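*Asks:* An experimental structure, sequence included, is below.
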Amino acid sequence: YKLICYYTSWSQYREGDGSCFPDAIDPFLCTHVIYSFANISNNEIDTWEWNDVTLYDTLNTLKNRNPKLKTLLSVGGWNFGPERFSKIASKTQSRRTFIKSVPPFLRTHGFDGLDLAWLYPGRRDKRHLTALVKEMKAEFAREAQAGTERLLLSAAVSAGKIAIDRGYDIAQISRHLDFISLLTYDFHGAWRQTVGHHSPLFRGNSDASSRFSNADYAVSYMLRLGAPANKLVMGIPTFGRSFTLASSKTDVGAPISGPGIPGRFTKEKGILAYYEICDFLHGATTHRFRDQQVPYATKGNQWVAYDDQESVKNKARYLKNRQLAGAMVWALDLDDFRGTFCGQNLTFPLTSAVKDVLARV
Ligand SMILES: *[C@@H]1O[C@H](CO)[C@@H](O[C@H]2O[C@H](CO)[C@@H](O[C@H]3O[C@H](CO)[C@@H](O)[C@H](O)[C@@H]3O)[C@H](O)[C@H]2NC(C)=O)[C@H](O)[C@H]1NC(C)=O
């Protein structure tokens with residue numbers, strides 16, 4: 001069982017305790033840690049924050065306390081134009097230049113692999129996406145000839161039926177990717193105004209349309225398109241999505257006027273870190289969609305959908321019963337990394353819960 005964990009580079013800037021560096025990571029918690037978002041310039045992989053070289057180095061030293069740890073660097077992300085990616089993949093000339101530029105870069109900074117986070121391929125990208133992966137892996141097999149351990153190659157994929165049908169050739173890229181991470185937590189549309197859970201586990205007996213929006217369906221679909229169970233990694237949120245109610249209605253279906261208010265440390269509308277949700281929970285009413293098996297809390301005119309220890313152990317068991325390769329946790333830095341915000345003196349509550357379940361059988 002794999003436990004891929006993402007560490008986001010821009011979490012250093014957060015004020016107070018909110019600040020997180022490679023430093024705070026438990027060497028023995030995850031199996032793969034993915035440093036989040038490198039850039040591309042002149043069709044060549046490159047750093048993003050000025051001190052990426054120092055943090056790169058800082059993270060890669062964890063491999064000194066734990067030999068078996070493996071780290072990878074991710075390319076793209078949400079603040080990286082889709083188009084920008086799409087331009088590089090279409091022109092074989094500019095694509096080969098990018099591919100040729102990765103090995104070196106990783107070997108120098110100490111990573112054991114690359115992670116592609118092209119955030120959403122369009123109908124016109126599917127063919128090139130397949131080209132990019134295919135060729136990139138060929139490059140990695142060829143470079144292992146130099147007598148060093150072959151670099152890994154993976155990818156962050158959407159879990160939206162429509163998104164997959166539109167831009168991914170799952171059967172084709174499944175064979176060159178070392179492992180695939182399903183973004184099973186972006187389900188409730190950024191578009192419409194209705195309270196809903198972004199990462200539901202199950203269909204949920206009460207609501208006909210868009211059953212395609214839950215981890216279970218996303219997973220069953222990928223297996224059908226051709227992805228091997230031994231390459232799928234299911235995504236698990238370590239954050240919550242907030243909304244500002246537009247009425248005293250709190251139950252499934254209630255009106256919304258927009259995202260929720262900012263977090264004191266997170267400072268971003270609509271999102272809250274797990275440690276912020278821990279402080280928010282005080283004096284809030286909790287609820288739990290029994291059909292989907294996922295939380296939600298309300299307080300004042302704020303309605304928050306999130307994941308606790310139990311909702312997370314649940315997804316972990318599911319993951320196991322379908323025999324998937326493992327779990328993926330988005331943001332170690334959104335988890336209670338210090339462990340001084342959520343009751344129990346434990347550190348990394350959620351990611352640990354996933355790990356305990358994974359080490360069972
Ligand atoms: C990831 O890589 C991007 C592509 O290289 C970087 O971008 C830009 O490259 C230049 C420089 O900023 C931009 O054009 C600017 O350059 C000069 C400064 O010499 C300015 O005078 C001019 O006004 C422009 O700002 C381009 O806009 C841009 N290329 C694009 C956007 O297509 C980008 O900085 C980098 N991202 C980060 C955070 O490193």
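*Replies:* Arrived safely. Residues are numbered from 1 along each chain as shown.
*Asks:* Which single residue of the stretch 51-200 of the chain approaches the ligand most closely?
*Replies:* When distances are taken as Cβ to the nearest ligand atom, the stretch 51-200 of the chain reaches nearest to the ligand at residue 84, 6.9 Å away. Yep, even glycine has a C-beta here, placed from its N, CA and C like the rest.
*Asks:* neighbours of residue 206, just the number please.
*Replies:* Look at residue 206: counted by other Cβ atoms under 10 Å, it has 11 neighbours.
*Asks:* list the contacts for it?
*Replies:* The contact partners of residue 206, by Cβ atoms under 8 Å, 6 or more residues apart in numbering, come to 252, 291.
*Asks:* ok, back up a step: didn't the residue of the stretch 51-200 of the chain closest to the ligand look like it was pressed against residue 43?
*Replies:* No - Residue 84 is not in contact with residue 43 according to Cβ atoms under 8 Å; the separation is 10.4 Å.
*Asks:* Between the two, which is the more surrounded one?
*Replies:* Under the criterion of other Cβ under 10 Å, the comparison of residue 84 against residue 43 puts residue 43 first, with 18 against 12.
*Asks:* tell me which element the more buried one falls in.
*Replies:* Here residue 43 sits in a region with no helix or strand, counting by DSSP states H and E.
*Asks:* need the strands for the stretch 251-361 of the chain, in chain order.
*Replies:* For the stretch 251-361 of the chain, applying DSSP state E, counting those that start in this stretch gives strands covering 256-259, 271-273, 285-289, 294-299, 302-305, 326-330.
*Asks:* contacting residues around the shortest one?
*Replies:* Right, the one you point to is strand 271-273. By Cβ under 8 Å, 6+ apart, the residues outside strand 271-273 that reach it are 18, 238-242, 260, 263, 265-266, 280, 304, 306, 331, 333-335.
*Asks:* now do the fifth one
*Replies:* Strand 302-305 is touched from outside by 188, 195-199, 240-245, 250, 254, 256, 260-261, 272, 277, 280, 284, 294-298, with contacts defined as Cβ under 8 Å, 6+ apart.
*Asks:* What subset of those residues is buried?
*Replies:* 188, 195-199, 240-245, 254, 256, 260, 272, 277, 280, 284, 294-298 (16 or more other Cβ atoms under 10 Å).
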